[PDB]
Amino acid sequence: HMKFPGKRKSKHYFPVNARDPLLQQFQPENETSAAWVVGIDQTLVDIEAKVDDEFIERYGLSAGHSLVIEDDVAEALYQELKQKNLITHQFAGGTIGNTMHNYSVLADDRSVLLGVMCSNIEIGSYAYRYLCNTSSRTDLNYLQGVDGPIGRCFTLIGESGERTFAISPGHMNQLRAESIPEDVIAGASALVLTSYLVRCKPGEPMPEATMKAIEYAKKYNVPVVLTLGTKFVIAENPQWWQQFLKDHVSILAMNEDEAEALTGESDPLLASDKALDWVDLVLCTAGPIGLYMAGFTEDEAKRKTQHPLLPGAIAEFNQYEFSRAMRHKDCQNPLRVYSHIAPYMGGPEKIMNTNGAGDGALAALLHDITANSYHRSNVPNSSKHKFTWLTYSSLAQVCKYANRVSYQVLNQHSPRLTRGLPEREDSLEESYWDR
Amino acid sequence: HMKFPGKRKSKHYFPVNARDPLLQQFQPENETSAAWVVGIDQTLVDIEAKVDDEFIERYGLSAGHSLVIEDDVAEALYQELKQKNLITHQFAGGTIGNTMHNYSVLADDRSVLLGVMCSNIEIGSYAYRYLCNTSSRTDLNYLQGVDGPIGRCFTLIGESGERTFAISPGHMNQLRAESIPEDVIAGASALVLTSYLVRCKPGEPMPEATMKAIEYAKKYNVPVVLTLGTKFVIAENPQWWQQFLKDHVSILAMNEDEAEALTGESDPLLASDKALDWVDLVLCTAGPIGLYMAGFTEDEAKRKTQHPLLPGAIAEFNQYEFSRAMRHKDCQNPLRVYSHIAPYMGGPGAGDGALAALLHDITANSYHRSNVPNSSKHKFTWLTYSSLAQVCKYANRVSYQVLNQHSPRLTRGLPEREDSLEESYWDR
Amino acid sequence: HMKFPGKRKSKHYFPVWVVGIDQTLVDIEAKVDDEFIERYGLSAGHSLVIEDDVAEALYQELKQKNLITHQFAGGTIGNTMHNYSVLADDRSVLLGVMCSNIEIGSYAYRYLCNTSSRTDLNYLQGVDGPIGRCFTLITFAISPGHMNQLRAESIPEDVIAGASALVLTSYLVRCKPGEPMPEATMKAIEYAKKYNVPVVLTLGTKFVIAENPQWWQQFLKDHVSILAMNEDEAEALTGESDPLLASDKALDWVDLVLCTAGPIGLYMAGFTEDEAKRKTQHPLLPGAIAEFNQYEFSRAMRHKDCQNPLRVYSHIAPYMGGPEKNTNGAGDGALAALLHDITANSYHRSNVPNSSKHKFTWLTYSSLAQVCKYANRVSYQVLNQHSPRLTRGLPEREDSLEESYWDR
Amino acid sequence: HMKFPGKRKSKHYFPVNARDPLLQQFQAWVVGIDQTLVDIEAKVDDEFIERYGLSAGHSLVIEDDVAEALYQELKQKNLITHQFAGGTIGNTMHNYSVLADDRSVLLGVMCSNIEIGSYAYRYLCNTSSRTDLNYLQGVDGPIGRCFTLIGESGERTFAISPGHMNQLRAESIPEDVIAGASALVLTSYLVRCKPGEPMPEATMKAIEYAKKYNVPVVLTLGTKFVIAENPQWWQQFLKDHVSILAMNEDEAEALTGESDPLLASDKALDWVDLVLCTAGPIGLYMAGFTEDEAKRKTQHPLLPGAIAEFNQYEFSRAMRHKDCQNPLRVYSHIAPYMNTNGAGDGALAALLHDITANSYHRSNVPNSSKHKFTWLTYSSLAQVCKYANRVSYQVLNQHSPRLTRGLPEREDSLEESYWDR
Ligand SMILES: Nc1nc2c(ncn2[C@@H]2O[C@H](COP(=O)(O)OP(=O)(O)O)[C@@H](OP(=O)(O)OP(=O)(O)O)[C@H]2O)c(=O)[nH]1
Ligand SMILES: Nc1nc2c(ncn2[C@@H]2O[C@H](COP(=O)(O)OP(=O)(O)O)[C@@H](OP(=O)(O)OP(=O)(O)O)[C@H]2O)c(=O)[nH]1
Ligand SMILES: Nc1nc2c(ncn2[C@@H]2O[C@H](COP(=O)(O)OP(=O)(O)O)[C@@H](OP(=O)(O)OP(=O)(O)O)[C@H]2O)c(=O)[nH]1
Ligand SMILES: Nc1nc2c(ncn2[C@@H]2O[C@H](COP(=O)(O)OP(=O)(O)O)[C@@H](OP(=O)(O)OP(=O)(O)O)[C@H]2O)c(=O)[nH]1
Ligand SMILES: Nc1nc2c(ncn2[C@@H]2O[C@H](CO)[C@@H](O)[C@H]2O)c(=O)[nH]1
Ligand SMILES: Nc1nc2c(ncn2[C@@H]2O[C@H](CO)[C@@H](O)[C@H]2O)c(=O)[nH]1
Ligand SMILES: Nc1nc2c(ncn2[C@@H]2O[C@H](CO)[C@@H](O)[C@H]2O)c(=O)[nH]1
Ligand SMILES: Nc1nc2c(ncn2[C@@H]2O[C@H](CO)[C@@H](O)[C@H]2O)c(=O)[nH]1
Ligand SMILES: Nc1nc2c(ncn2[C@@H]2O[C@H](CO)[C@@H](O)[C@H]2O)c(=O)[nH]1
Ligand SMILES: Nc1nc2c(ncn2[C@@H]2O[C@H](CO)[C@@H](O)[C@H]2O)c(=O)[nH]1
Ligand SMILES: Nc1nc2c(ncn2[C@@H]2O[C@H](CO)[C@@H](O)[C@H]2O)c(=O)[nH]1
Ligand SMILES: Nc1nc2c(ncn2[C@@H]2O[C@H](CO)[C@@H](O)[C@H]2O)c(=O)[nH]1
Ligand SMILES: [K+]
Ligand SMILES: [K+]
Ligand SMILES: [K+]
Ligand SMILES: [K+]
Ligand SMILES: [K+]
Ligand SMILES: [K+]
Ligand SMILES: [Mg+2]
Ligand SMILES: [Mg+2]
Ligand SMILES: [Mg+2]
């Protein structure tokens, strides 16, 4: 029942749901299908508000950071916002919670979320709000119970632009590795993680559970995906993250600042290319520069672009933009391919939410990767396969999609979407509304 | 931040978001505020499964009904479904929960639901599921706590497409009149009820709270909306329902059979017309016949159709198809107007979907009036933003969407219009 | 030999001048610290005059440490006439001052080597002093020199008589008293009324206008027919913070209004014959004036020439979502586009009396909506480049032969 | 901030404004010498031509008093129709900047005191904006006047009143300006001067710098008569100094002796590295050198000619004989698209654009496939002919030999819908 990733005209027909006539005389009586995506996150609740730069330093914060805070310092901040009646919005959050939420909206298929949740949920609470607000098709039944509160992210915006985060973890890192459902990760087409998962008070089991999901991920050949949580967290130990990506990660989500922190390259293109030594596919959100994508394709199946060749540190880096991504392991003679797209319709008027924008362009990519798993099980004999790809569409096309989604997330306050993209009406549908 | 009702090319520009530059020169120093819709329901959870028509009779059920059952009968049925591993789908339900859910998906604005909810919610439970599944923009913060379980609706399919429903109410009818948020209903553009709300064990407060919600609705001149839950519920006392509609209800949703039970008219058009004696606007879903709509417009502002004139018991009833609906009270020379549309693309809970579309159009008028009071769309105090012909176009398309899927709840709105610039972008 | 205004496909066939007054200026650009501004008694966002010796002190600090980045011709009306000639490929006459003896490498030298070719400077007036120096600090610091010494005898009556518009800036009355520039300006306006030449006015900062808003209003009624403006300059003139309303209130005094609303886009308001109304095919927009673009598609007339005048409005948003990163010279560019369209009407009427585009005494060649389209595009061009002066017109679409020729 | 040469769809992306966010994350002009001249155009009788010792189709110097008599009769009878800046190289530097929207430096003379309304004033108000005249030299005399005398037939006779136009001194040649250039442009008229005037000496000092810093030298011709006086000296000039030769069909027959344009250009290729000849209505030919390893063969039919199938490798980029390791001779010709004097002066500007474009794209895009070797032109000979042919067509549909309207660029898919909105 999954939607098509993007709005481009496709050469091959996409079924959308298995009840399709041609597909019904086609599929077997016993049909599995049902392709999904799973991620791990620190169950969080955003509490957004604008504040003075005085409010920032008064609580030991720095602009543009994501800093954890002590429990007593947080209650002091919580009380000052209710006193001054400064709170503007309360909604679900989490770099990966947002991503799973946006995935379900874009594809209208299920996503499983792994994390924590109050064992007893009272109405009107932060844990309650998290549920009423989470997307419908996002599945929260596999969460784990905790006797404490879920996490609170005090998103402080201040003057136009930089959005500061202050985290009251609560029990958000109390996820145990026994709570990782083996069967869910096996039938997944990607496992999505964020750099914030290692940031925890020592001894908390979240990292223990995260590595356990990766165990299952490797068992069943499920790509591991990683998004990053600010430049400062990474620059502390760049070589540790580098070593981590080689062993486990297969897909890397990133922005230009987070990337230079990892590679030492002020050029996103080079940072992304240097990253390809460690992972199979890289997405780099460069803010106003646009976004880049770098990955691998089979050298025999390369498709050369029809756009002008772009200049860059790597000459003509989009030369095979129209190739689809494969995992390095699945290639016989892997070839590096790169692509870049500029902001949609010249970008927004207002800078707005640049933090959750990257977390959204990622969801677009996940959609395309799931779509490949979905269309492969429903139409296996298709020209779209018998080569073992990673993405259903080409890098150029996936950029086209993810770029359009980021524009959606930037042009609104929240980082979570509630409405998918508008698809084209055919002639019949068009005349219907015009009649 | 509300979406536009339908996908038609509009003469007047719809702001969509109160942040629109053209609207901030227009907008005062303080927020202009969006509108919303509220409804009351028996918090329910659908539990779908196929069974024999033999299985139906084994629990005192009839094909095609919606029947309550006692707790011992319910625990036996639940155990038999888990035993044979027969359950196929579990999701949120309720005639009005669905409608409020679909409204939020279609409009992308907030909807308030009033009802019950376990005060202690354990993970994996039914009360848990209700939350994880309800749409985001549907607001459940105003539900009421209960020491019991929410309702379970066992949807049983009879192989021919027949849907039998077996209801284990639990505490779903325990909504108290104090729990009705007065301020929520005041800023609403409609209060939505379902005929199922009167079905409860004696002494339970649900009816008391219902009368209390309607009380607030009249305070602030909020239209009351009523959808019906089967012909059988109405045939019990059709003249009682008639009396209810005159006093309270302003908008009536129905299907052809539900209507015949209420008015005695096997012709939907005639039944709807008779219904207009009691309410201000009528939506009647006639299945494969299509769906009809009947309402009032000011005889001064009538806009005559440009489509061919249709034959029916009411001669040339679509003559003013293109008029907008008003409430009878707001009209000085009220005029009856009718419209009819056939199924989308020849045909393949649907009625509860076409209603949601109507709610959207009514909220859109409330939204566009607060953001652009100067526009030609408000020389008078209308009920719908669009014309009956246009509202039917929308509701018909939505019911088709609910038919082509299994569940009665939508998960994604309709495909929106792609302009020329977007097209070139994707085709690049 | 004039170009077509815009790149839109035209129903009527185009076969293929304007005069203005300015304080002859030369831009000298440099970026500086916010400390540098207060160190010389300046304020941000102004155009503040400075003395000749104080000007020499600022000039010298820029030469020592070499902070000057770019030097080019300037002046709100110098830019506008310059950009007009680039866009239309027709002549524009500029009136002002100029060193009577010009040495190679000088500032007066540069102004000539840099001014557009098709722009005609022969009617300038000689002065034994220097032209003006504008020190652009990223605020403007002005060393007037002799820029305001234009004498009214130097106003060529015959030039303005055969013109289709006279273009002025509010900066022409801002001068040390006793300098003759304002007198020369009034003489041009006197000539303009004789031969029925529309008067055009762009404004030079909110501060200049807010001092005595009620006076400028009266100026526009008597003389002005076309008003160029930005959103701030507009609130100062009318007291209406809404650009739509401000532009509307200004229509009480003038015949046509162009208001650059920065990121909001740009508005336009004018008059058209109620018989010749052409109603828009775009959605009706909301605003303080309901459905104000209802007749976006009418052509512009002067209030006097209408028998049943009707007010008509249009609004368009920034091109391609605005730029990536010079919000000043843009308005001075958007204006040039309007001039281009107005010249085209007098041009297309004099070369093609048989065409249907002259059924009435029009002001604009195109529709109000179509003109906004054109001016909007030019503003984007002025924003993407550094200087406020254009160097190449817009690219026009070629036929199939050009397509096939270049690809072959 | 330079424009792209031509309107063809390019395989490689052209940065245009060096701001372009692309090249910035990993982060060029042409100079010429001319006799400062002013065109004064007018229609005249065939009696008017002979009356001052002139012949139709020449560019003839005249005495100062012979000029004063001619000037006075044109004002008396009110015969002058247009007055504008001129000079075979003045046109070129002007037209280049119009087409490329980048700077061009011009070297010459100019009144040290310029009064309003004068000819020196007019020259500046009229010169292209982006043309830089700051490096000119001051002179205590009047600038040159070229009286363009046209007849009803169309013959454009030229009468030159040199004044001090040939007083350019070799010290006034800016050493560094020519160094960072991509071409040094000269005209056959620079050696033609009254004896003792230093103008030819200044030319040789500019050429010194050109070879010093490896700047290709360019040469355009005036009329066939200018060369037929001494064809063998011009030839000898080309070998040592010139790297690029500009020519038209008649000017060429006088230098090479070939009534066939193709052979003449080929003969000239022995002395210089690249030759362009304007063949009037026959079209235009181009000949040069390319690396034999990277030659790219045409997709057009092979043409018959004095050299059979001369367009066999039309699509190659041109190199200098010196820069080639194994040079190959390459030829191309294009016919007219869809003022016979100034049109050729325009096509030269077009080629300069492409040659600078290579210099511009090389400094901004060192990594591209377009700079493996050390090329001369950015585009292919077939593509370069397209451009210059297109420019010459514009020069004919207008009066003056200087342009005011560069080429109109192709409207995009996105833009076109905007203008259609
Ligand atoms: N315009 C455009 N096209 C893209 C882009 N990315 C990939 N393509 C094209 O899609 C074609 C492959 O179609 P599929 O990807 O197999 O089918 P799909 O329509 O379901 O995606 C490729 O062409 P091909 O098969 O090599 O050539 P052909 O056989 O389609 O002629 C490739 O050139 C893009 O960003 N823009
Ligand atoms: N095609 C079509 N049109 C419909 C339908 N229902 C109403 N209309 C037309 O819409 C017009 C009114 O526009 P509004 O309702 O005020 O604007 P809106 O479309 O943006 O809401 C009416 O025309 P009017 O105002 O009388 O004529 P005009 O002023 O629109 O020219 C009416 O004829 C329908 O089902 N199909
Ligand atoms: N594309 C476009 N068109 C606009 C715009 N504004 C006005 N028009 C249309 O231009 C037409 C008038 O054309 P002119 O303005 O005379 O011709 P032009 O193209 O040379 O300017 C009008 O209708 P018409 O029916 O085309 O004229 P007619 O054929 O009835 O005379 C009007 O609808 C705009 O922004 N974009
Ligand atoms: N249509 C056309 N093409 C010309 C002409 N002259 C040269 N070319 C083509 O230009 C290509 C080289 O492109 P570049 O010069 O590097 O790129 P450019 O488009 O930016 O100039 C050559 O093709 P290639 O790369 O070998 O061909 P392909 O593999 O791109 O098909 C050659 O065929 C001409 O007159 N007409
Ligand atoms: N998982 C996680 N998400 C975070 C953290 N800090 C901020 N975010 C989320 O990041 C998003 C903004 O980029 C919001 O959804 C925040 O709630 C953190 O420490 N962990
Ligand atoms: N992604 C990626 N994997 C590599 C690269 N070089 C070696 N490997 C992997 O390292 C292991 C050693 O062969 C195998 O799993 C390879 O696929 C590289 O450049 N990129
Ligand atoms: N409120 C309410 N909804 C019901 C009842 N019986 C069935 N439904 C719902 O009606 C929908 C099908 O029309 C499903 O969501 C059912 O759960 C009932 O008694 N009350
Ligand atoms: N709905 C409805 N109310 C009516 C009608 N005729 C009179 N009324 C009542 O008359 C009053 C005037 O609006 C209200 O009480 C209405 O309900 C009718 O045809 N329909
Ligand atoms: N006429 C005039 N132009 C000015 C003044 N101040 C700045 N400018 C010019 O206005 C342009 C920027 O809008 C630049 O060319 C400035 O040099 C002034 O007082 N008068
Ligand atoms: N611009 C303009 N002139 C007006 C308006 N109303 C009257 N006038 C003129 O003002 C003078 C006094 O009525 C006459 O010249 C009128 O034509 C108006 O709304 N706008
Ligand atoms: N430098 C120079 N230009 C000339 C001469 N004769 C004609 N021209 C110019 O050549 C152009 C016509 O080809 C016009 O601009 C003429 O002024 C001459 O002797 N020297
Ligand atoms: N341009 C050119 N130079 C040649 C040729 N043959 C020899 N040379 C000269 O020989 C030297 C080697 O490059 C240089 O001085 C060249 O100019 C030839 O065919 N063309
Ligand atoms: K890896
Ligand atoms: K939910
Ligand atoms: K009623
Ligand atoms: K100039
Ligand atoms: K006036
Ligand atoms: K040589
Ligand atoms: Mg991030
Ligand atoms: Mg201005
Ligand atoms: Mg020549």
# chains A, B, ... in the order shown; residues from 1 in each chain; ligands from 1

$ residues_near_ligand --ligand "ligand 8" --cutoff "7 Å" --atoms "only C-alpha atoms and all ligand atoms" --output "mmCIF file with N, CA and C atoms, in the first residue's frame"
data_model
loop_
_atom_site.group_PDB
_atom_site.id
_atom_site.type_symbol
_atom_site.label_atom_id
_atom_site.label_comp_id
_atom_site.auth_asym_id
_atom_site.auth_seq_id
_atom_site.Cartn_x
_atom_site.Cartn_y
_atom_site.Cartn_z
ATOM 1 N N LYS B 246 -35.438 19.318 14.510
ATOM 2 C CA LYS B 246 -35.986 20.666 14.468
ATOM 3 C C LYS B 246 -35.276 21.554 15.481
ATOM 4 N N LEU B 276 -35.414 19.153 4.955
ATOM 5 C CA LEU B 276 -35.090 20.573 5.043
ATOM 6 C C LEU B 276 -36.122 21.363 5.831
ATOM 7 N N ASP B 277 -37.285 20.775 6.126
ATOM 8 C CA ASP B 277 -38.235 21.435 7.011
ATOM 9 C C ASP B 277 -37.678 21.571 8.425
ATOM 10 N N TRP B 278 -36.709 20.731 8.799
ATOM 11 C CA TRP B 278 -36.189 20.646 10.160
ATOM 12 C C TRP B 278 -34.776 21.185 10.334
ATOM 13 N N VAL B 279 -33.928 21.086 9.314
ATOM 14 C CA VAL B 279 -32.541 21.497 9.411
ATOM 15 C C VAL B 279 -32.206 22.433 8.253
ATOM 16 N N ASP B 280 -30.971 22.936 8.261
ATOM 17 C CA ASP B 280 -30.534 23.951 7.312
ATOM 18 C C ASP B 280 -29.791 23.383 6.105
ATOM 19 N N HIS B 328 -31.103 28.608 7.479
ATOM 20 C CA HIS B 328 -32.437 29.161 7.279
ATOM 21 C C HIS B 328 -32.624 30.436 8.082
ATOM 22 N N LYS B 329 -32.054 30.484 9.287
ATOM 23 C CA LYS B 329 -32.238 31.655 10.134
ATOM 24 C C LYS B 329 -31.613 32.898 9.509
#

$ closest_atom_pairs --of "chain D" --to "chain B" --cutoff "8 Å" --atoms "only C-alpha atoms" --output "Markdown table"
| residue | atom | partner | partner_atom | distance |
| --- | --- | --- | --- | --- |
| D:413 | CA | B:424 | CA | 7.6 |
| D:414 | CA | B:421 | CA | 6.8 |
| D:417 | CA | B:420 | CA | 7.5 |

$ write_last_selection --atoms "N, CA and C atoms" --output "PDB file, in the first residue's frame"
ATOM      1  N   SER D 413      13.388  27.152 -19.749  1.00  0.00           N
ATOM      2  CA  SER D 413      12.075  26.551 -19.567  1.00  0.00           C
ATOM      3  C   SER D 413      11.345  27.211 -18.411  1.00  0.00           C
ATOM      4  N   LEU D 414      12.056  27.425 -17.301  1.00  0.00           N
ATOM      5  CA  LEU D 414      11.467  28.065 -16.133  1.00  0.00           C
ATOM      6  C   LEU D 414      11.107  29.518 -16.424  1.00  0.00           C
ATOM      7  N   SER D 417       7.945  30.154 -18.899  1.00  0.00           N
ATOM      8  CA  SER D 417       6.640  30.076 -18.250  1.00  0.00           C
ATOM      9  C   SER D 417       6.373  31.312 -17.394  1.00  0.00           C
TER      10      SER D 417
END

$ residues_near_ligand --ligand "ligand 3" --cutoff "12 Å" --atoms "only C-alpha atoms and all ligand atoms" --output "NGL selection string"
(:C and (4-15 or 276-282 or 293-300 or 313-316 or 341 or 344-345 or 348 or 355-359 or 362 or 364-374)) or (:D and (416-421))

$ residues_near_ligand --ligand "ligand 19" --cutoff "8 Å" --atoms "only C-alpha atoms and all ligand atoms" --output "PyMOL selection string"
chain A and resi 95+227-230+253-255+258+355-356+358-359

$ residues_around --residues "stretch 362-365 of chain B" --least-positions-apart "6" --cutoff "8 Å" --atoms "only C-alpha atoms" --output "ChimeraX atom specification"
/B:2-5,35-37,189-190,382-385

$ interface_residues --of "chain B" --to "chain C" --cutoff "12 Å" --atoms "only C-alpha atoms" --output "number ranges by chain"
B: 9-15, 18, 20-29, 368-379, 421

$ residues_near_ligand --ligand "ligand 5" --cutoff "9 Å" --atoms "only C-alpha atoms and all ligand atoms" --output "PyMOL selection string"
chain A and resi 40-47+65-68+92-99+151-155+163-169+193-197+199-200+229-230+353-359+414-416

$ write_last_selection --atoms "C-alpha atoms" --output "short mmCIF file (atom, residue, chain, number, x, y, z; two decimals), in the first residue's frame"
data_model
loop_
_atom_site.label_atom_id
_atom_site.label_comp_id
_atom_site.auth_asym_id
_atom_site.auth_seq_id
_atom_site.Cartn_x
_atom_site.Cartn_y
_atom_site.Cartn_z
CA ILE A 40 15.92 4.12 17.23
CA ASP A 41 15.49 7.42 19.03
CA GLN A 42 15.46 9.11 22.40
CA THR A 43 11.73 9.64 22.99
CA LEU A 44 11.56 13.44 23.07
CA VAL A 45 8.99 16.21 23.31
CA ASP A 46 9.79 19.59 21.80
CA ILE A 47 8.90 22.67 23.87
CA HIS A 65 24.19 24.00 20.07
CA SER A 66 22.31 20.99 21.41
CA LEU A 67 23.41 20.77 25.04
CA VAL A 68 22.16 18.45 27.76
CA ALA A 92 6.83 15.41 19.39
CA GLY A 93 10.53 15.61 18.61
CA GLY A 94 13.77 13.68 18.32
CA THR A 95 16.08 13.70 15.31
CA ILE A 96 14.93 10.15 14.52
CA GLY A 97 11.37 10.50 15.81
CA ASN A 98 10.83 13.29 13.30
CA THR A 99 12.41 11.16 10.56
CA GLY A 151 12.80 13.42 27.24
CA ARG A 152 12.05 17.11 26.88
CA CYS A 153 13.80 19.29 24.32
CA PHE A 154 13.48 23.00 25.12
CA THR A 155 13.88 24.47 21.65
CA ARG A 163 17.71 27.52 17.18
CA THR A 164 19.23 26.32 20.45
CA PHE A 165 18.31 23.04 22.13
CA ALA A 166 18.39 22.21 25.84
CA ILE A 167 17.71 18.56 26.64
CA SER A 168 16.23 17.14 29.84
CA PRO A 169 16.90 13.44 29.15
CA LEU A 193 20.13 6.04 13.93
CA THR A 194 21.42 9.41 15.08
CA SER A 195 24.73 10.51 16.58
CA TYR A 196 22.82 11.65 19.67
CA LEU A 197 22.36 7.99 20.59
CA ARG A 199 25.38 10.98 24.09
CA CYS A 200 24.13 9.76 27.45
CA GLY A 229 23.59 15.89 15.75
CA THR A 230 25.66 19.07 15.34
CA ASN A 353 13.98 25.90 10.46
CA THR A 354 17.28 24.76 8.94
CA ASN A 355 17.90 22.10 11.63
CA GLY A 356 14.95 19.76 10.97
CA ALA A 357 15.23 20.35 7.22
CA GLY A 358 18.09 17.87 6.89
CA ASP A 359 16.19 15.35 9.02
CA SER A 414 7.70 22.36 13.25
CA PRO A 415 10.24 19.80 12.05
CA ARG A 416 7.49 17.20 11.57
#

$ residues_around --residues "residue D:1" --least-positions-apart "4" --cutoff "8 Å" --atoms "only C-alpha atoms" --output "JSON, numbers by chain"
{"D": [16, 17, 18, 19, 101, 102]}

$ decode --residues "stretch 392-402 of chain D" --atoms "N, CA, C and O atoms" --output "mmCIF file, in the first residue's frame"
data_model
loop_
_atom_site.group_PDB
_atom_site.id
_atom_site.type_symbol
_atom_site.label_atom_id
_atom_site.label_comp_id
_atom_site.auth_asym_id
_atom_site.auth_seq_id
_atom_site.Cartn_x
_atom_site.Cartn_y
_atom_site.Cartn_z
ATOM 1 N N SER D 392 28.492 39.137 -37.287
ATOM 2 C CA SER D 392 28.610 39.913 -38.517
ATOM 3 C C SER D 392 27.240 40.213 -39.104
ATOM 4 O O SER D 392 27.021 41.287 -39.678
ATOM 5 N N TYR D 393 26.311 39.263 -38.995
ATOM 6 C CA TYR D 393 24.953 39.507 -39.464
ATOM 7 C C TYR D 393 24.306 40.680 -38.736
ATOM 8 O O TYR D 393 23.556 41.456 -39.342
ATOM 9 N N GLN D 394 24.565 40.820 -37.433
ATOM 10 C CA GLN D 394 24.012 41.954 -36.695
ATOM 11 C C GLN D 394 24.625 43.268 -37.162
ATOM 12 O O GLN D 394 23.933 44.290 -37.244
ATOM 13 N N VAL D 395 25.918 43.257 -37.491
ATOM 14 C CA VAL D 395 26.586 44.490 -37.884
ATOM 15 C C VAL D 395 26.019 45.019 -39.190
ATOM 16 O O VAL D 395 26.034 46.231 -39.438
ATOM 17 N N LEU D 396 25.501 44.136 -40.039
ATOM 18 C CA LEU D 396 25.012 44.570 -41.341
ATOM 19 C C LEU D 396 23.631 45.207 -41.239
ATOM 20 O O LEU D 396 23.351 46.199 -41.922
ATOM 21 N N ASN D 397 22.758 44.659 -40.393
ATOM 22 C CA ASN D 397 21.412 45.201 -40.249
ATOM 23 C C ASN D 397 21.399 46.536 -39.509
ATOM 24 O O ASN D 397 20.318 47.108 -39.320
ATOM 25 N N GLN D 398 22.556 47.046 -39.086
ATOM 26 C CA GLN D 398 22.630 48.364 -38.483
ATOM 27 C C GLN D 398 23.596 49.267 -39.243
ATOM 28 O O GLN D 398 24.430 48.822 -40.037
ATOM 29 N N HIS D 399 23.462 50.560 -38.949
ATOM 30 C CA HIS D 399 24.226 51.603 -39.621
ATOM 31 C C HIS D 399 25.690 51.570 -39.207
ATOM 32 O O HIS D 399 26.584 51.405 -40.046
ATOM 33 N N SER D 400 25.950 51.701 -37.912
ATOM 34 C CA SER D 400 27.302 51.832 -37.400
ATOM 35 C C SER D 400 28.051 50.500 -37.434
ATOM 36 O O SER D 400 27.440 49.432 -37.489
ATOM 37 N N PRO D 401 29.385 50.543 -37.405
ATOM 38 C CA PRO D 401 30.179 49.319 -37.240
ATOM 39 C C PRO D 401 30.385 48.904 -35.791
ATOM 40 O O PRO D 401 31.017 47.869 -35.546
ATOM 41 N N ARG D 402 29.915 49.706 -34.840
ATOM 42 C CA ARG D 402 29.960 49.379 -33.421
ATOM 43 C C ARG D 402 28.575 48.934 -32.961
ATOM 44 O O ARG D 402 27.558 49.498 -33.381
#
